[PDB]
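These protein sequences, in sequence, are chains D, B, A and C. Quick note, the first sequence lines up with residues 6 to 473 if you use the authors' numbering. Quick note, the second sequence lines up with residues 4 to 473 if you use the authors' numbering. Quick note, the third sequence lines up with residues 6 to 473 if you use the authors' numbering. Quick note, the fourth sequence lines up with residues 6 to 473 if you use the authors' numbering. Inspection log for the structure reproduced underneath, given as structure tokens.
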Amino acid sequence: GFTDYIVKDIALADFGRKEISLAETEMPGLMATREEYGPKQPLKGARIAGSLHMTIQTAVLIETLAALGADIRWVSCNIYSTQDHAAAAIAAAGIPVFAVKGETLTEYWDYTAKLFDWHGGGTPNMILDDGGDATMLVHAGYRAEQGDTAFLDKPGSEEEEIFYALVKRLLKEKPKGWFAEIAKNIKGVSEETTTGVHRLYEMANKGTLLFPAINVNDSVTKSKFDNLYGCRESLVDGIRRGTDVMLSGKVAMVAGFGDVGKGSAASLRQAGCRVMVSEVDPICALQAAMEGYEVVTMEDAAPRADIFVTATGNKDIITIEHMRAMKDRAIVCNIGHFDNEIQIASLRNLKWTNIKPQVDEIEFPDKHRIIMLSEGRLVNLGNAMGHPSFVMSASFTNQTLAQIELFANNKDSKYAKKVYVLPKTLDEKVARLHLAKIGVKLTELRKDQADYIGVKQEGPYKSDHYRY
Amino acid sequence: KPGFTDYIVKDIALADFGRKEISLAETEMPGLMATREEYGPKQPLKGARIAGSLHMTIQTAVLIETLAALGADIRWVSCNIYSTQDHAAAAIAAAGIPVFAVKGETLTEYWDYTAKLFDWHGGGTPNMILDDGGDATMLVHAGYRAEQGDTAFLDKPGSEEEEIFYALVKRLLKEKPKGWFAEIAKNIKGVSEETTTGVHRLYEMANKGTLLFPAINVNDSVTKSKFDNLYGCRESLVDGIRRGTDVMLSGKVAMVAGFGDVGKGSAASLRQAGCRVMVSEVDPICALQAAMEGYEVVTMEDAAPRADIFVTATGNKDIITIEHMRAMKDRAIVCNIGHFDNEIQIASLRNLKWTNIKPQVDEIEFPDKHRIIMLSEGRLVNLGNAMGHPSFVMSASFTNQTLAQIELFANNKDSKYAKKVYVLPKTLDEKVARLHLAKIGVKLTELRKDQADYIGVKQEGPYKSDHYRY
Amino acid sequence: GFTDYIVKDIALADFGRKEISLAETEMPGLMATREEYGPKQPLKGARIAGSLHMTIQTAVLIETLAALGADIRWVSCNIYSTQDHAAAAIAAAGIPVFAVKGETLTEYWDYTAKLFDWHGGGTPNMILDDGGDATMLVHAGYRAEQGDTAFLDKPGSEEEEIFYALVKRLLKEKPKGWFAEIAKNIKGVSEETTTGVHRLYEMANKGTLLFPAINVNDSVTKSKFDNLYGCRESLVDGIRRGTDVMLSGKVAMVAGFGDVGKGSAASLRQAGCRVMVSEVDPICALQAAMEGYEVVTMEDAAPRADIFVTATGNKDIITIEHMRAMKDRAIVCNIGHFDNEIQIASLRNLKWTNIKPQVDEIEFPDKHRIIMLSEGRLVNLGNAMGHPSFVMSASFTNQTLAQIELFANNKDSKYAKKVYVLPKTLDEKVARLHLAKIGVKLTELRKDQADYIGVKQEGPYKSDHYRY
Amino acid sequence: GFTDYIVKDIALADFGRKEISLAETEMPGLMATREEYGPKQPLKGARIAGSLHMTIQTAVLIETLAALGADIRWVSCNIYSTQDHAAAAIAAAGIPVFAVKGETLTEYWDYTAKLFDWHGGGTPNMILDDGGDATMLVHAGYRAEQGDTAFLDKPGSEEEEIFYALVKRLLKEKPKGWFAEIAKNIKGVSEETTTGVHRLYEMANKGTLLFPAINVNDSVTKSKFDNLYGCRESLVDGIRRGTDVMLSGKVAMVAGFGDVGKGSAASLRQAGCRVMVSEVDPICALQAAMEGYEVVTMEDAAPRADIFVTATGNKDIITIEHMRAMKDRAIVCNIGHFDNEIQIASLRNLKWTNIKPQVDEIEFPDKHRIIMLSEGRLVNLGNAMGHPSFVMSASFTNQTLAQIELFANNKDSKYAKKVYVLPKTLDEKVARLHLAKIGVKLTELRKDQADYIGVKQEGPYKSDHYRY
Ligand SMILES: Nc1ncnc2c1ncn2[C@@H]1O[C@H](CO)[C@@H](O)[C@H]1O
Ligand SMILES: Nc1ncnc2c1ncn2[C@@H]1O[C@H](CO)[C@@H](O)[C@H]1O
Ligand SMILES: Nc1ncnc2c1ncn2[C@@H]1O[C@H](CO)[C@@H](O)[C@H]1O
Ligand SMILES: Nc1ncnc2c1ncn2[C@@H]1O[C@H](CO)[C@@H](O)[C@H]1O
Ligand SMILES: Nc1ncnc2c1ncn2[C@@H]1O[C@H](CO)[C@@H](O)[C@H]1O
Ligand SMILES: Nc1ncnc2c1ncn2[C@@H]1O[C@H](CO)[C@@H](O)[C@H]1O
Ligand SMILES: Nc1ncnc2c1ncn2[C@@H]1O[C@H](CO)[C@@H](O)[C@H]1O
Ligand SMILES: Nc1ncnc2c1ncn2[C@@H]1O[C@H](CO)[C@@H](O)[C@H]1O
Ligand code: NA
Ligand code: NA
Ligand code: NA
Ligand code: NA
């Protein structure tokens with residue numbers, strides 16, 4: 006039978022299956038992908054270790070991969086983002102998953118290592134990564150197993166301390182050569198997110214990347230949809246569920262005006278806030294001003310905004326000094342990927358009063374307070390349900406095609422140990438698969454029209470440098 | 004000291020959580036908190052015995068505790084079977100105030116609880132009613148009518164709810180002392196009422212001469228049309244739909260039936276969240292407004308096969324029928340933000356297969372296997388699937404309610420309020436708005452005396468004629 | 006040989022006729038009114054003196070009145086609002102009109118007086134007024150003729166001085182008792198505008214109103230459409246034609262948040278400005294705040310807005326002190342109806358440099374400059390073309406119906422010397438006449454549904470105090 | 006004094022100078038570029054032949070180039086886009102310019118040729134091009150001079166035959182080797198638009214590009230600003246001036262959802278239209294749908310839109326059949342670069358009635374009509390004033406830096422006979438120069454923060470593939 010999982014509560018599986026089924030209707034790209042490739046079973050023989058937010062949307066991805074023949078083990082890539090009913094449904098479907106909403110950082114890393122303990126013996130031969138954590142376990146352990154262990158002795162953060170301790174433990178406990186075995190078996194890794202892509206390009210440029218990688222983040226139908234439209238929908242959802250505050254009449258500050266900040270500022274303005282923005286990039290700042298946002302510094306915003314959202318991917322955006330200047334019961338949250346955008350650690354010796362899960366009131370010596378959401382981690386996934394299914398279908402269709410590329414379309418070793426992106430025609434295919442469900446009717450070029458603009462009728466329609 | 008038992012809530016252990024969100028809400032309701040400060044010293048509701056029937060939310064908890072802070076004795080129920088927020092109800096019970104309200108109580112339970120308002124703790128009856136939808140008011144008048152001998156109507160129910168209500172009146176007539184409804188009627192000093200249907204029926208009883216006590220219509224305050232209905236629904240309609248379904252709104256088509264103030268706010272809610280919004284209307288002025296706001300104005304027959312989301316906002320009946328729902332696309336979402344559960348023909352769906360997804364979310368399957376997603380069984384979706392309107396906008400409505408309670412209870416020594424329906428003056432509308440400006444950082448300009456004279460108003464207001472529409 | 010007119014240049018008549026024809030297609034309420042009432046000729050025998058912005062839209066109103074049997078003389082109610090080609094077309098059709106874009110204030114009032122010199126002898130018997138200027142001429146003259154002359158020597162502005170000069174001249178030049186003769190013959194006035202309606206109530210309150218009046222301003226289908234949607238379209242139109250400035254990136258200040266201020270703030274926001282608002286009314290200030298506008302004082306706004314729009318109906322809103330504090334080349338304009346919202350008179354000792362018609366640059370002693378549009382008068386009509394035809398059709402269908410009421414439907418004296426409003430049944434009918442052109446499909450109440458909400462199937466649908 | 010120009014009326018110079026002065030305040034990037042490079046005179050010795058819309062904004066660019074030392078001759082790149090007062094001011098400043106609003110196609114091309122007859126003898130040594138017309142004349146003439154003349158006899162449109170007639174006339178009239186002489190002396194071309202850049206890459210890929218090229222279109226601070234925000238402001242402006250129609254209540258159709266179509270659809274939605282879009286590219290279609298636009302075919306839109314806007318860069322988008330099915334008095338216009346998106350030529354057999362400059366009513370035999378703007382040419386520039394100055398300052402600051410690059414910074418032959426874009430640091434500087442004018446306050450990265458995200462504090466802040 007099947008017992009190989011760790012979830013909050015398996016009795017949530019029925020509720021998970023109901024919402025998965027509903028999500029399927031909202032994820033036409035993944036469902037069409039099942040129909041197209043189901044008969045050819047291109048992932049038969051794949052052993053996919055997946056590390057990505059264990060949500061309802063990711064469940065539809067998991068089952069798509071399975072529908073295509075893949076064998077799978079899964080973990081979440083964040084401690085708070087798991088939806089426990091999604092995890093229980095996957096476990097009940099007989100797929101190993103180690104994901105609990107609110108697991109500790111120590112648990113998180115121990116679960117990541119369970120990805121590589123393949124059921125029935127052996128290791129994975131594919132990785133599907135969001136943030137590069139599974140990829141980093143392999144590379145760090147390989148590095149150390151070869152004899153370069155110095156870096157493990159000097160961790161740079163609390164989380165890095167736990168991660169390095171994991172690598173040491175695995176080196177002690179596993180058979181000699183375990184990391185080299187893993188690295189040689191991985192046929193490829195498709196990476197979802199800017200932080201992991203950064204790690205890939207760094208490894209690729211030092212010659213230490215161990216297997217081919219596909220950068221799904223820079224697919225057009227990911228990077229121009231996922232956070233732009235996803236954050237537009239899910240950022241205010243998080244804030245409403247956390248606080249139930251009236252947004253009309255409030256002033257909000259968004260730090261950063263990349264894809265995440267863009268979608269986040271739109272979410273708050275559409276909901277009725279008067280939105281201010283900070284930026285270090287003069288082009289991004291100009292975009293913000295042209296969209297009608299006042300562009301200011303955090304020192305300017307600190308005493309006056311009602312709501313603060315960090316969206317920079319940098320560190321020390323909202324400091325202790327900012328939060329001391331904040332008005333009483335100002336709301337503070339983060340939708341960047343790490344919890345160091347806000348100086349959370351500097352608040353830990355203040356009085357915290359829990360309101361409900363992922364909502365805390367923090368009181369300062371002068372007795373003014375702030376409302377912190379999700380302890381300064383991803384507010385959309387921590388306080389609500391993350392991005393809705395339809396946009397995640399686009400990202401996850403890219404992931405599915407990327408797995409097929411690496412696992413089934415590398416007979417000629419067109420993918421070496423470097424970072425690739427999907428070709429534009431597959432990118433366009435992802436979009437195509439999502440048009441019928443929302444009633445889009447695409448115009449077909451006549452031959453004379455296609456020649457007139459220098460494209461084939463069937464695409465690709467734009468050069469590879471086109472920015473959309 | 005002694006153990007308090009005079010309540011019915013889901014779980015008393017939610018009281019600490021309720022108290023926490025009540026405290027947060029106080030900061031967001033400056034109108035109520037200022038009213039506490041102003042009238043606290045004079046205790047204008049000392050001696051008031053207020054029976055309240057209003058959605059037992061966090062926001063209503065602040066209203067309740069405002070009434071109490073002004074001296075009132077209180078018993079409370081919700082006015083909708085799904086609108087209660089169980090932590091708010093628990094906090095009120097823990098404060099020793101009788102409350103009978105559970106999210107997801109049945110209709111039969113609902114009406115039993117309404118009756119409990121009138122059994123005053125320690126003896127006697129209420130002497131004030133704070134009503135939302137007229138249910139407490141109707142119980143008194145229907146019982147009085149039957150107690151006086153006119154009983155035929157009790158055997159003529161037009162809905163399941165009327166069946167249950169008429170059964171309740173019959174039971175109360177059998178169980179309570181003779182003359183009970185007359186006694187209640189004699190002791191009620193006034194009612195304040197917030198809703199369009201509640202107000203409609205007050206005016207109708209007034210014209211018929213059957214209204215039993217003075218009434219104040221707070222529904223025609225500028226607050227209800229221009230703030231509560233408009234901005235509340237703009238904020239809370241999509242909230243309800245998101246929590247119920249987690250669907251992506253960008254890319255979807257939505258249909259809103261009605262374009263009065265609730266449909267205005269509802270359509271705005273959906274458009275701001277990224278839907279393409281269509282609207283239906285029977286009023287050509289309201290329809291022309293919708294068109295001018297950029298909404299396509301179509302019939303429900305037109306909308307039925309093509310919208311992804313349907314929202315009823317008409318206050319009328321039989322808006323979305325069994326025929327319309329048969330024609331909808333698979334897994335269209337249907338919900339109601341008008342006040343009664345008959346805008347959608349929910350009763351005609353009960354012979355079909357219902358699969359419950361989670362509280363207030365059900366998937367309904369037709370014989371051709373096509374499905375719809377029904378929110379809150381056709382009842383107020385913002386309150387059923389989410390947390391209703393946010394605290395800041397309820398502050399103004401609830402300040403109006405408090406002011407109306409003061410007027411009827413404390414300011415009727417001269418009988419300025421007969422057995423008729425009255426409205427608060429514009430000076431109160433301006434004062435209530437003014438109480439909210441500082442919280443959201445509004446800097447009001449002060450007219451100089453010459454500018455005041457030039458436009459023909461006093462520097463302190465009122466600034467508009469009484470027929471001004473804002 | 007028709008000579009009884011004054012226009013800038015009669016050669017523009019052909020161009021005027023073409024745009025009048027286009028506007029008819031855009032004004033279905035007026036054209037439906039011609040079809041319904043043409044056979045009966047209810048305005049046969051009416052002698053309408055009209056004082057209302059001589060635009061293409063007003064030309065369609067004029068010709069609607071004429072199609073119903075009216076004899077007409079016409080003037081503009083503002084010195085910059087005339088569209089010279091519309092005026093030419095009216096004159097070319099044999100209708101006396103005295104309206105030149107850019108006429109002087111003295112000419113303006115001379116022209117108002119010509120309304121009452123009926124061609125072929127006599128006086129008018131109806132007034133259609135916008136702003137109350139023609140009504141005021143009759144009442145001030147009557148007042149003085151009856152012996153109460155002192156006010157004629159107490160002017161408080163240049164315009165009052167000119168108006169009182171006109172009254173003195175007419176009393177010297179016309180037959181004794183002329184004003185009483187006019188007053189006796191005017192069957193009614195219909196008044197369009199808040200300023201004129203306030204003049205009407207003053208006089209009705211005092212018992213000095215000389216004839217019945219219908220307040221068209223407070224039709225729903227005027228005051229919930231005319232200013233709200235008209236200014237939303239025409240305010241930025243005026244600013245763009247006058248200055249061609251980029252509105253995205255700029256900050257705008259709107260004084261006033263009545264229906265003109267509501268429409269004006271909307272126009273600017275939709276055009277990409279960040280909009281701020283001043284108000285004295287806490288209900289309107291709270292509306293503005295709930296719509297996401299920052300509500301501030303003009304002292305706060307003066308050094309930081311790029312664009313200033315007064316919309317108050319009050320005086321001394323933007324002062325010389327405000328304008329000295331403004332940034333170099335800030336834009337200032339007015340869409341309230343006088344020209345004392347901004348302190349224009351106080352600017353007349355400064356160096357003015359004309360850029361083009363209705364656009365001037367005013368230089369202060371410190372060399373900073375402001376850009377003044379239409380000399381502080383109505384900016385949508387002065388720098389552009391006013392509200393677009395469609396929304397004016399609703400207002401002007403109201404006017405036509407009000408003229409019919411007073412002229413043809415007062416045989417029983419239901420309208421005494423007081424101010425009346427059109428009934429809601431007519432208001433709903435005005436709305437109905439515009440629905441098909443924009444493709445609205447109205448739902449029809451079934452009888453049980455009409456009974457359920459307490460209305461007749463055919464309306465009216467709302468109580469008389471409903472605010473929409 | 007100075008005689009070498011062709012403009013509509015030199016008396017318009019004073020008016021031109023006033024609006025240029027006003028634009029200078031609105032174009033800080035250009036004025037700051039004058040401040041920075043003026044003392045260096047980087048364009049001393051430059052002989053720039055410019056082909057670009059002779060607007061007020063282009064005047065500031067021309068005078069900027071002159072201020073940096075350039076000798077200049079100029080023409081418009083469209084027969085309707087000239088602003089006559091701008092042209093007159095330029096002429097009056099002593100700069101040869103040949104640009105009249107409403108010039109004929111034959112005049113247009115004859116003027117283009119006048120660019121290359123340099124005043125005082127010789128040829129230009131730089132080209133500043135918008136749409137590649139000046140570039141094409143040089144390369145077409147070279148190709149024929151080299152002996153490949155067959156193409157000049159196979160024309161396909163009216164403008165094509167005029168262009169080939171021009172080339173033949175110049176070959177016949179000028180000395181032998183004239184185009185080779187021009188090509189030898191052209192140091193570089195900077196090109197502003199998609200159409201022109203497309204021609205450039207094609208020539209560069211065939212080895213036939215005759216001189217270095219900089220593609221200014223794909224600067225981020227051009228492509229993500231110019232038509233995104235420019236069309237958002239200027240498309241409805243053109244429609245309003247041309248027709249004065251109420252946009253609220255109306256349905257509009259935009260063909261295309263590239264940057265021009267994105268900005269155009271926004272222009273119409275913000276003005277109050279319900280907006281439908283067509284697309285052939287499924288990614289762009291998905292973008293339109295996610296922004297809430299209904300995505301339809303032209304066959305679907307033809308009988309129900311009130312307003313049609315072509316923005317595809319393609320041909321045969323709105324056909325005679327489409328137009329026969331449009332409702333009476335539908336508005337039709339084009340904001341793509343040539344007049345073949347709409348089948349204007351097929352309309353030349355019907356009754357055209359001119360309303361006013363650039364506005365025509367076209368009658369079909371069944372008497373239904375359409376309103377055509379600018380005879381199907383660039384509506385924002387033909388019916389109004391094009392993009393406002395502020396956004397053009399960014400475009401034109403890029404142009405100035407491109408001319409400096411090619412003329413003054415090619416001592417090491419870093420620019421060969423291929424197409425280049427400006428470096429990201431210069432792109433960032435362009436945005437930087439515009440921030441203060443709109444009150445943007447940019448955050449400065451701390452050293453530790455810049456390290457953390459992998460950039461220098463002074464930028465570049467994004468990789469070269471970042472899409473913004
Ligand atoms: N300290 C910071 N403050 C504001 N924005 C930042 C900061 N660091 C990076 N960003 C911006 O955040 C976006 C996403 O990384 C980028 O556009 C980047 O310029
Ligand atoms: N429902 C979801 N399932 C999986 N990943 C998600 C979901 N919502 C957001 N994300 C991802 O989590 C981060 C926070 O939005 C982004 O990387 C985003 O792509
Ligand atoms: N059957 C109906 N369909 C659509 N709108 C309606 C219907 N009945 C009432 N309304 C509208 O609902 C709004 C709110 O009651 C009013 O503007 C009213 O005209
Ligand atoms: N949070 C809330 N608490 C109490 N009543 C509410 C709340 N939100 C909305 N309502 C009321 O419920 C109805 C639906 O919005 C309206 O009558 C409104 O006033
Ligand atoms: N001095 C003023 N400043 C700002 N708003 C004003 C002033 N006077 C009147 N108003 C407002 O202008 C609007 C239109 O008259 C009204 O809502 C009124 O309150
Ligand atoms: N095109 C127009 N024709 C006639 N009157 C107009 C026009 N545009 C605006 N108005 C009136 O002029 C004032 C300024 O918009 C308002 O009173 C408005 O009703
Ligand atoms: N025939 C066409 N119909 C609709 N859109 C088109 C057509 N041809 C090109 N486009 C789109 O126009 C945009 C601008 O070139 C591109 O996104 C392209 O896909
Ligand atoms: N005011 C202007 N001056 C010069 N070029 C312009 C102007 N406005 C728009 N353009 C250009 O003309 C085309 C149509 O908007 C685009 O290529 C745009 O860059
Ligand atoms: Na979700
Ligand atoms: Na709430
Ligand atoms: Na007009
Ligand atoms: Na311009």
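Built from N, CA and C at the ideal position, the CB exists for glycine as well.
If I measure Cβ to Cβ from residue i and keep anything under 8 angstroms in the same chain, skipping five residues before and after, which residues do I get?
i: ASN232 of chain B; result: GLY263, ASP264, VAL265, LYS267 and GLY268
To the nearest angstrom, how far is it from the Cα of residue i to the Cα of residue j?
i: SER272 of chain A; j: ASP242 of chain A; result: 9 angstroms
i: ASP134 of chain D; j: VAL143 of chain D; result: 12 angstroms
i: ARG274 of chain C; j: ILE312 of chain C; result: 12 angstroms
i: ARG382 of chain B; j: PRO101 of chain B; result: 25 angstroms
Rounded to the nearest angstrom, how far is the Cβ of residue i from that of residue j, given a contact under 8 angstroms?
i: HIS342 of chain D; j: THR198 of chain D; result: 7 angstroms
i: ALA209 of chain A; j: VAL424 of chain A; result: 5 angstroms
So, for residue i: in the same chain, excluding its five sequence neighbours on each side, which residues have a beta-carbon less than 7 angstroms away from its beta-carbon?
i: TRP114 of chain B; result: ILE167, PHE168 and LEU171
Exercise for review: Could you tell me whether the stretch 184 to 191 of chain C touches the stretch 314 to 331 of chain C, where touching means 3 or more Cβ pairs closer than 8 angstroms?
Suggested key: no
Point to revise | Sufficient close CB pairs (3 or more, under 8 angstroms) joining the stretch 400 to 407 of chain D to the stretch 238 to 252 of chain D | key: Result no; under three Cβ-Cβ pairs closer than 8 angstroms.
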